[PDB]
Amino acid sequence: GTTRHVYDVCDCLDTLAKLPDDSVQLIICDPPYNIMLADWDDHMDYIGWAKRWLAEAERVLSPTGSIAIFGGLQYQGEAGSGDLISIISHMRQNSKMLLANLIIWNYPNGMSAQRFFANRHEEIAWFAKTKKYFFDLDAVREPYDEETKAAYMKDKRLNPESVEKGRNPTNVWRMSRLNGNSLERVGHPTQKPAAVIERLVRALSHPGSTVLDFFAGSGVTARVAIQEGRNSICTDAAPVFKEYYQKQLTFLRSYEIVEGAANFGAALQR
Ligand SMILES: CSC[C@H]1O[C@@H](n2cnc3c(N)ncnc32)[C@H](O)[C@@H]1O
């Protein structure tokens with residue numbers, strides 16, 4: 001079972017336009033939260049732009065597919081920008097997708113603050129295309145230690161099978177962000193840690209399915225896809241993305257890498 005991975009440098013809408021309906025199982029989405037100067041030629045706000053790829057994202061997702069959207073809740077009101085709430089409010093009015101979960105990524109370290117509570121969180125909005133979305137909870141359960149696992153086993157009030165499988169990790173994930181010394185770092189300023197992406201890939205996609213990321217950034221999605229046995233399509237508008245993607249590979253089982261949007265199909269084949 002060899003997996004295929006395609007990558008390229010191009011705009012997110014050009015990527016989405018080349019993918020057929022219901023062909024992707026999971027989309028990893030960590031988008032820019034501000035439009036470009038030139039975007040003022042056709043839009044008057046952030047959602048005017050974002051709604052285009054949000055609609056395409058839903059179109060390419062299969063009936064059992066999902067999209068995980070990273071974002072914060074600190075939008076300051078600047079024209080042309082927004083946050084995760086801007087997207088959620090838009091989705092509530094115009095999309096039939098279901099918000100399966102609003103996950104809180106609670107990281108340990110951060111900047112200090114004297115005039116407010118120091119920020120230690122980022123959100124992940126998990127939208128499912130339909131009520132029949134795929135979910136592999138057991139693949140992400142957190143096991144109990146032998147001592148606790150034995151303590152619950154003796155409690156006949158509890159189902160032993162549930163004890164054996166582990167606990168639901170909940171919708172609050174306490175995971176560290178990458179540090180300036182991390183081995184995963186490739187140079188991208190907002191690089192996401194593999195651990196967070198791994199949990200999303202394991203729980204929201206099945207082995208051999210396609211994971212898509214059109215704001216690929218560091219290319220961490222491809223590295224995780226490969227390690228987890230999924231196929232992937234990763235694109236980014238920045239030329240430097242190719243360099244990052246190649247670096248992710250060095251960090252790395254049968255898989256094939258293919259460059260070029262003309263080859264997206266290689267990663268869509270089941
Ligand atoms: C994961 S950080 C967000 C990423 O989105 C990329 N990006 C910004 N605007 C676009 C766009 N219109 N199409 C594709 N990628 C984009 C940026 O280059 C960055 O690496």
# chains A, B, ... in the order shown; residues from 1 in each chain; ligands from 1
call {"tool": "residues_near_ligand", "arguments": {"ligand": "ligand 1", "cutoff": "6 Å", "atoms": "only C-alpha atoms and all ligand atoms", "output": "PyMOL selection string"}}
result
chain A and resi 11-12+30-32+190+214-217+236-238
call {"tool": "residues_around", "arguments": {"residues": "region 143-147 of chain A", "least_positions_apart": "2", "cutoff": "6 Å", "atoms": "only C-alpha atoms", "output": "ChimeraX atom specification"}}
result
/A:149-150,166
call {"tool": "write_last_selection", "arguments": {"atoms": "N, CA and C atoms", "output": "PDB file, in the first residue's frame"}}
result
ATOM      1  N   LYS A 149      -5.159   1.994  35.017  1.00  0.00           N
ATOM      2  CA  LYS A 149      -5.858   1.057  34.152  1.00  0.00           C
ATOM      3  C   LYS A 149      -6.322  -0.159  34.951  1.00  0.00           C
ATOM      4  N   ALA A 150      -5.571  -0.479  36.001  1.00  0.00           N
ATOM      5  CA  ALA A 150      -5.878  -1.612  36.868  1.00  0.00           C
ATOM      6  C   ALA A 150      -6.920  -1.213  37.909  1.00  0.00           C
ATOM      7  N   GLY A 166      -8.735   3.462  26.235  1.00  0.00           N
ATOM      8  CA  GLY A 166      -8.178   4.757  26.589  1.00  0.00           C
ATOM      9  C   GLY A 166      -9.279   5.792  26.708  1.00  0.00           C
TER      10      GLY A 166
END
call {"tool": "closest_residue", "arguments": {"among": "A:76, A:269, A:263, A:227", "to": "residue 18 (chain A)", "atoms": "only C-alpha atoms"}}
result
A:263
call {"tool": "closest_atom_pairs", "arguments": {"of": "region 166-217 of chain A", "to": "region 48-64 of chain A", "cutoff": "12 Å", "atoms": "only C-alpha atoms", "output": "CSV"}}
result
residue,atom,partner,partner_atom,distance
A:204,CA,A:64,CA,9.3
A:205,CA,A:64,CA,9.0
A:206,CA,A:64,CA,10.2
A:209,CA,A:62,CA,10.5
A:210,CA,A:61,CA,9.8
A:211,CA,A:61,CA,9.9
A:212,CA,A:57,CA,9.4
A:213,CA,A:57,CA,10.0
A:214,CA,A:53,CA,9.4
A:215,CA,A:53,CA,10.8
call {"tool": "residues_around", "arguments": {"residues": "residue 243 (chain A)", "least_positions_apart": "2", "cutoff": "10 Å", "atoms": "only C-alpha atoms", "output": "number ranges by chain"}}
result
A: 186-187, 218-219, 239-241, 245-248
call {"tool": "write_last_selection", "arguments": {"atoms": "N, CA, C and O atoms", "output": "compact mmCIF listing (two decimals), in the first residue's frame"}}
result
# COMPACT_ATOMS: atom_id res chain seq x y z
N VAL A 186 11.51 24.23 9.80
CA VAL A 186 12.01 24.30 8.43
C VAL A 186 12.22 25.75 7.99
O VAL A 186 12.71 26.00 6.88
N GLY A 187 11.84 26.70 8.84
CA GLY A 187 12.02 28.10 8.51
C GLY A 187 10.74 28.92 8.46
O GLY A 187 10.78 30.15 8.51
N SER A 218 4.57 25.23 5.78
CA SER A 218 5.81 24.47 5.97
C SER A 218 5.75 23.09 5.32
O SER A 218 6.78 22.44 5.15
N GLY A 219 4.55 22.66 4.97
CA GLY A 219 4.38 21.36 4.35
C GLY A 219 4.25 20.25 5.39
O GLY A 219 4.39 19.07 5.06
N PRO A 239 6.59 30.70 -3.31
CA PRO A 239 7.60 29.85 -3.94
C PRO A 239 8.49 29.13 -2.93
O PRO A 239 8.95 28.01 -3.18
N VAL A 240 8.74 29.77 -1.79
CA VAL A 240 9.59 29.18 -0.77
C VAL A 240 9.01 27.88 -0.21
O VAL A 240 9.71 27.12 0.46
N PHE A 241 7.74 27.62 -0.51
CA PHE A 241 7.07 26.41 -0.05
C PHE A 241 7.77 25.16 -0.56
O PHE A 241 7.90 24.17 0.17
N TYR A 245 8.90 22.03 1.72
CA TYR A 245 8.38 20.70 1.45
C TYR A 245 9.51 19.69 1.32
O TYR A 245 9.45 18.60 1.88
N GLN A 246 10.56 20.07 0.60
CA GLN A 246 11.70 19.18 0.42
C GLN A 246 12.38 18.92 1.76
O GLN A 246 12.88 17.82 2.01
N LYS A 247 12.38 19.92 2.64
CA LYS A 247 12.99 19.76 3.95
C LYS A 247 12.19 18.77 4.79
O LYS A 247 12.76 17.93 5.49
N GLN A 248 10.87 18.88 4.73
CA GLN A 248 10.00 17.97 5.47
C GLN A 248 10.35 16.54 5.10
O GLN A 248 10.36 15.65 5.96
call {"tool": "select_by_dssp", "arguments": {"residues": "region 28-241 of chain A", "states": "helix (DSSP H, G or I)", "output": "PyMOL selection string"}}
result
chain A and resi 37-41+46-60+84-94+138-140+146-153+160-165+194-204+220-228+240-241
call {"tool": "residues_around", "arguments": {"residues": "residue 65 (chain A)", "least_positions_apart": "6", "cutoff": "8 Å", "atoms": "only C-alpha atoms", "output": "number ranges by chain"}}
result
A: 24-26, 128-130, 133-134, 204-205
call {"tool": "residues_around", "arguments": {"residues": "residue 203 (chain A)", "least_positions_apart": "2", "cutoff": "9 Å", "atoms": "only C-alpha atoms", "output": "VMD selection string"}}
result
chain A and resid 134 to 140 198 to 201 205 to 206
call {"tool": "write_last_selection", "arguments": {"atoms": "N, CA, C and O atoms", "output": "PDB file, in the first residue's frame"}}
result
ATOM      1  N   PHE A 134     -16.606  10.685   8.835  1.00  0.00           N
ATOM      2  CA  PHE A 134     -15.767   9.629   9.384  1.00  0.00           C
ATOM      3  C   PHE A 134     -15.131  10.121  10.677  1.00  0.00           C
ATOM      4  O   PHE A 134     -14.768  11.296  10.789  1.00  0.00           O
ATOM      5  N   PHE A 135     -15.009   9.224  11.649  1.00  0.00           N
ATOM      6  CA  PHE A 135     -14.385   9.558  12.923  1.00  0.00           C
ATOM      7  C   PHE A 135     -13.761   8.315  13.551  1.00  0.00           C
ATOM      8  O   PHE A 135     -14.446   7.325  13.815  1.00  0.00           O
ATOM      9  N   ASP A 136     -12.454   8.359  13.773  1.00  0.00           N
ATOM     10  CA  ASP A 136     -11.755   7.236  14.378  1.00  0.00           C
ATOM     11  C   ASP A 136     -11.260   7.649  15.760  1.00  0.00           C
ATOM     12  O   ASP A 136     -10.090   7.980  15.936  1.00  0.00           O
ATOM     13  N   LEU A 137     -12.166   7.634  16.735  1.00  0.00           N
ATOM     14  CA  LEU A 137     -11.835   8.028  18.100  1.00  0.00           C
ATOM     15  C   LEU A 137     -10.765   7.140  18.735  1.00  0.00           C
ATOM     16  O   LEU A 137      -9.847   7.642  19.380  1.00  0.00           O
ATOM     17  N   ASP A 138     -10.879   5.827  18.562  1.00  0.00           N
ATOM     18  CA  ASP A 138      -9.906   4.916  19.159  1.00  0.00           C
ATOM     19  C   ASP A 138      -8.477   5.230  18.721  1.00  0.00           C
ATOM     20  O   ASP A 138      -7.534   5.020  19.478  1.00  0.00           O
ATOM     21  N   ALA A 139      -8.322   5.737  17.502  1.00  0.00           N
ATOM     22  CA  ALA A 139      -7.001   6.059  16.970  1.00  0.00           C
ATOM     23  C   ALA A 139      -6.341   7.229  17.697  1.00  0.00           C
ATOM     24  O   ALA A 139      -5.134   7.433  17.576  1.00  0.00           O
ATOM     25  N   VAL A 140      -7.123   7.990  18.461  1.00  0.00           N
ATOM     26  CA  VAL A 140      -6.580   9.144  19.169  1.00  0.00           C
ATOM     27  C   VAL A 140      -6.826   9.107  20.679  1.00  0.00           C
ATOM     28  O   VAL A 140      -6.553  10.083  21.380  1.00  0.00           O
ATOM     29  N   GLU A 198      -1.198  15.404  13.421  1.00  0.00           N
ATOM     30  CA  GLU A 198      -1.317  13.951  13.527  1.00  0.00           C
ATOM     31  C   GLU A 198      -2.660  13.563  14.128  1.00  0.00           C
ATOM     32  O   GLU A 198      -3.318  12.638  13.653  1.00  0.00           O
ATOM     33  N   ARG A 199      -3.066  14.260  15.184  1.00  0.00           N
ATOM     34  CA  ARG A 199      -4.335  13.949  15.826  1.00  0.00           C
ATOM     35  C   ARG A 199      -5.507  14.169  14.874  1.00  0.00           C
ATOM     36  O   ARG A 199      -6.450  13.371  14.841  1.00  0.00           O
ATOM     37  N   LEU A 200      -5.446  15.246  14.091  1.00  0.00           N
ATOM     38  CA  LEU A 200      -6.508  15.543  13.136  1.00  0.00           C
ATOM     39  C   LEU A 200      -6.551  14.496  12.024  1.00  0.00           C
ATOM     40  O   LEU A 200      -7.617  14.007  11.651  1.00  0.00           O
ATOM     41  N   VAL A 201      -5.384  14.148  11.499  1.00  0.00           N
ATOM     42  CA  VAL A 201      -5.320  13.167  10.428  1.00  0.00           C
ATOM     43  C   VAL A 201      -5.794  11.789  10.894  1.00  0.00           C
ATOM     44  O   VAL A 201      -6.551  11.118  10.193  1.00  0.00           O
ATOM     45  N   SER A 205      -9.595  11.145   9.121  1.00  0.00           N
ATOM     46  CA  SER A 205      -9.388  10.549   7.806  1.00  0.00           C
ATOM     47  C   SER A 205      -9.044   9.087   7.977  1.00  0.00           C
ATOM     48  O   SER A 205      -8.509   8.690   9.008  1.00  0.00           O
ATOM     49  N   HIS A 206      -9.362   8.277   6.981  1.00  0.00           N
ATOM     50  CA  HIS A 206      -9.036   6.866   7.081  1.00  0.00           C
ATOM     51  C   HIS A 206      -7.781   6.565   6.274  1.00  0.00           C
ATOM     52  O   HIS A 206      -7.434   7.297   5.345  1.00  0.00           O
TER      53      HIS A 206
END
call {"tool": "atom_distance", "arguments": {"atom1": "CA of residue 103 (chain A)", "atom2": "CA of residue 232 (chain A)"}}
result
23.1 Å
call {"tool": "decode", "arguments": {"residues": "region 39-77 of chain A", "atoms": "N, CA and C atoms", "output": "mmCIF file, in the first residue's frame"}}
result
data_model
loop_
_atom_site.group_PDB
_atom_site.id
_atom_site.type_symbol
_atom_site.label_atom_id
_atom_site.label_comp_id
_atom_site.auth_asym_id
_atom_site.auth_seq_id
_atom_site.Cartn_x
_atom_site.Cartn_y
_atom_site.Cartn_z
ATOM 1 N N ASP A 39 -6.511 42.476 -3.508
ATOM 2 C CA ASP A 39 -7.834 41.886 -3.311
ATOM 3 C C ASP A 39 -8.906 42.950 -3.114
ATOM 4 N N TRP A 40 -8.486 44.192 -2.899
ATOM 5 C CA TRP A 40 -9.448 45.266 -2.725
ATOM 6 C C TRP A 40 -10.121 45.607 -4.058
ATOM 7 N N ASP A 41 -9.653 44.984 -5.134
ATOM 8 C CA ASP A 41 -10.248 45.207 -6.444
ATOM 9 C C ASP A 41 -11.584 44.477 -6.555
ATOM 10 N N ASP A 42 -11.731 43.378 -5.817
ATOM 11 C CA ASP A 42 -12.957 42.589 -5.898
ATOM 12 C C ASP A 42 -13.672 42.332 -4.575
ATOM 13 N N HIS A 43 -13.068 42.688 -3.446
ATOM 14 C CA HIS A 43 -13.727 42.433 -2.165
ATOM 15 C C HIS A 43 -13.754 43.648 -1.252
ATOM 16 N N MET A 44 -14.664 43.626 -0.281
ATOM 17 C CA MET A 44 -14.778 44.720 0.675
ATOM 18 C C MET A 44 -14.502 44.246 2.101
ATOM 19 N N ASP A 45 -14.238 42.953 2.258
ATOM 20 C CA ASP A 45 -13.895 42.404 3.564
ATOM 21 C C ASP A 45 -13.229 41.046 3.434
ATOM 22 N N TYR A 46 -12.758 40.520 4.557
ATOM 23 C CA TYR A 46 -12.072 39.238 4.575
ATOM 24 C C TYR A 46 -12.949 38.079 4.107
ATOM 25 N N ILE A 47 -14.182 38.013 4.604
ATOM 26 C CA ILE A 47 -15.065 36.910 4.238
ATOM 27 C C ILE A 47 -15.453 36.929 2.762
ATOM 28 N N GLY A 48 -15.443 38.109 2.149
ATOM 29 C CA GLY A 48 -15.768 38.188 0.738
ATOM 30 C C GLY A 48 -14.783 37.335 -0.039
ATOM 31 N N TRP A 49 -13.539 37.317 0.432
ATOM 32 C CA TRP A 49 -12.485 36.525 -0.194
ATOM 33 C C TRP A 49 -12.526 35.082 0.289
ATOM 34 N N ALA A 50 -12.549 34.913 1.606
ATOM 35 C CA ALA A 50 -12.540 33.587 2.203
ATOM 36 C C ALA A 50 -13.709 32.705 1.770
ATOM 37 N N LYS A 51 -14.887 33.292 1.576
ATOM 38 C CA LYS A 51 -16.051 32.498 1.203
ATOM 39 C C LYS A 51 -15.841 31.725 -0.095
ATOM 40 N N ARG A 52 -14.961 32.230 -0.954
ATOM 41 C CA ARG A 52 -14.687 31.573 -2.226
ATOM 42 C C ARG A 52 -14.028 30.211 -2.015
ATOM 43 N N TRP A 53 -12.948 30.166 -1.240
ATOM 44 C CA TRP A 53 -12.282 28.887 -1.003
ATOM 45 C C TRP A 53 -13.037 28.037 0.023
ATOM 46 N N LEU A 54 -13.856 28.657 0.871
ATOM 47 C CA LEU A 54 -14.630 27.864 1.827
ATOM 48 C C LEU A 54 -15.677 27.062 1.062
ATOM 49 N N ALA A 55 -16.267 27.696 0.049
ATOM 50 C CA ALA A 55 -17.279 27.038 -0.772
ATOM 51 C C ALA A 55 -16.648 25.914 -1.582
ATOM 52 N N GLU A 56 -15.461 26.170 -2.124
ATOM 53 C CA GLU A 56 -14.761 25.159 -2.907
ATOM 54 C C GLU A 56 -14.314 24.016 -2.009
ATOM 55 N N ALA A 57 -13.893 24.346 -0.792
ATOM 56 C CA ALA A 57 -13.464 23.318 0.150
ATOM 57 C C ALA A 57 -14.603 22.329 0.376
ATOM 58 N N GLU A 58 -15.797 22.858 0.611
ATOM 59 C CA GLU A 58 -16.949 22.000 0.836
ATOM 60 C C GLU A 58 -17.262 21.173 -0.410
ATOM 61 N N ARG A 59 -17.125 21.779 -1.584
ATOM 62 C CA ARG A 59 -17.422 21.067 -2.821
ATOM 63 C C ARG A 59 -16.520 19.850 -3.034
ATOM 64 N N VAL A 60 -15.220 19.994 -2.763
ATOM 65 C CA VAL A 60 -14.276 18.899 -2.982
ATOM 66 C C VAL A 60 -14.303 17.835 -1.903
ATOM 67 N N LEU A 61 -14.874 18.146 -0.742
ATOM 68 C CA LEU A 61 -14.940 17.162 0.333
ATOM 69 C C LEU A 61 -15.975 16.091 0.016
ATOM 70 N N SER A 62 -15.650 14.847 0.340
ATOM 71 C CA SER A 62 -16.582 13.753 0.110
ATOM 72 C C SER A 62 -17.677 13.794 1.188
ATOM 73 N N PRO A 63 -18.766 13.039 0.994
ATOM 74 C CA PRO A 63 -19.867 13.004 1.964
ATOM 75 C C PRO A 63 -19.421 12.668 3.387
ATOM 76 N N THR A 64 -18.332 11.918 3.505
ATOM 77 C CA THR A 64 -17.813 11.522 4.813
ATOM 78 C C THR A 64 -16.622 12.384 5.217
ATOM 79 N N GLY A 65 -16.376 13.442 4.453
ATOM 80 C CA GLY A 65 -15.232 14.303 4.712
ATOM 81 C C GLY A 65 -15.395 15.440 5.705
ATOM 82 N N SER A 66 -14.256 15.986 6.130
ATOM 83 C CA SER A 66 -14.222 17.079 7.097
ATOM 84 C C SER A 66 -13.114 18.073 6.794
ATOM 85 N N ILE A 67 -13.250 19.264 7.366
ATOM 86 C CA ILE A 67 -12.230 20.299 7.242
ATOM 87 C C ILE A 67 -11.926 20.853 8.632
ATOM 88 N N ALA A 68 -10.642 20.936 8.963
ATOM 89 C CA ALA A 68 -10.223 21.491 10.246
ATOM 90 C C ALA A 68 -9.634 22.859 9.963
ATOM 91 N N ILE A 69 -10.277 23.899 10.482
ATOM 92 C CA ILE A 69 -9.820 25.266 10.242
ATOM 93 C C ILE A 69 -9.184 25.894 11.486
ATOM 94 N N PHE A 70 -7.901 26.237 11.394
ATOM 95 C CA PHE A 70 -7.218 26.874 12.509
ATOM 96 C C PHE A 70 -7.526 28.363 12.504
ATOM 97 N N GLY A 71 -7.591 28.956 13.687
ATOM 98 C CA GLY A 71 -7.862 30.379 13.770
ATOM 99 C C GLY A 71 -7.949 30.851 15.201
ATOM 100 N N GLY A 72 -7.939 32.164 15.383
ATOM 101 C CA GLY A 72 -8.042 32.717 16.716
ATOM 102 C C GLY A 72 -9.360 33.447 16.859
ATOM 103 N N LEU A 73 -9.570 34.041 18.028
ATOM 104 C CA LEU A 73 -10.793 34.784 18.305
ATOM 105 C C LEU A 73 -10.430 36.196 18.775
ATOM 106 N N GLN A 74 -9.319 36.719 18.258
ATOM 107 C CA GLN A 74 -8.816 38.042 18.640
ATOM 108 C C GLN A 74 -8.897 39.095 17.533
ATOM 109 N N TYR A 75 -9.810 38.945 16.579
ATOM 110 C CA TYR A 75 -9.920 39.940 15.509
ATOM 111 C C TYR A 75 -10.140 41.333 16.107
ATOM 112 N N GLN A 76 -9.417 42.320 15.579
ATOM 113 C CA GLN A 76 -9.462 43.699 16.073
ATOM 114 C C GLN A 76 -10.334 44.662 15.264
ATOM 115 N N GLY A 77 -11.005 44.169 14.230
ATOM 116 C CA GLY A 77 -11.874 45.036 13.448
ATOM 117 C C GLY A 77 -11.262 45.720 12.235
#
